[PDB]
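Listed next as structure tokens is one chain, alone, in the form deposited in one PDB entry.
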């Protein structure tokens, strides 16, 4: 309800930069109430790129229809940042709309176990965390980085070239957080290193976008790593 925020159905959109919006969707978790999840919408000349679905097919369709209304450019592809419902719940809606989908090979391998629909294409990563470029064709400003196991074994991150923005997804929590949120599938040993690897991959990003709070500064990365140091 913050000024400049736009509503379409159950979804809220905030412009972060001339060509970048955050999408926010909400799901009731019985016992804990409504939980926000954020992803990104990127205008890349005469096409649109999506990072992460909403919780549900219906909510993901609302994202696609808002893009049609407000941006009116075709969605070329989507990248989804791990096999949990907040990031991949809406895969069927992307596929029905004829959007090409990309995830970590590991995300696609885990998807069935995690009750998610696999992406059509698999990203693979060098030992240094950077996507093998042949697996991420025509990704325009999307720079995809695998920081290592943290929130999950499969979690990936995305920088937006020509912006100050990097997307930590569920790996990064906000700079005032008490906790690292859901650690059910987490690597408690490697998490802190993974948070720091994300920071080092995108050294000049000043706006850190994450799944479960409003955009923060780089302080979110060093706070997440400081919290993660305490897990081991």
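Residue numbers count along the first chain shown, from 1. By rigid core we mean the largest C-alpha set that fits within 1.5 Å across both forms.
In what follows, reference is made to the form deposited in another entry, a form of this protein that is not presented.
Student: Picking from 56, 65, 175, 206, which residue has its CA shift by 2 Å or more between this form and the one not shown, once the rigid core of the two forms is superposed?
Tutor: The only residue crossing the 2 Å threshold is 175.
Student: After a rigid core superposition, would you say the CA of residue 139 moves by 2 angstroms or more between this form and the one not shown, or not?
Tutor: Comparing the forms between this form and the one not shown, which are aligned on their rigid core, residue 139 does shift its C-alpha by 2 Å or more.
Student: With a C-alpha distance change of 3 Å or more, do residue 49 and residue 138 lie closer or farther in the other form?
Tutor: It is farther: the C-alpha separation of residue 49 and residue 138 rises by at least 3 Å in the other form.
Student: Relative to the form shown here, do the C-alpha atoms of residue 96 and residue 138 sit closer together or farther apart in the other form, given a change of 3 Å or more?
Tutor: Their C-alpha distance grows by at least 3 Å in the other form.
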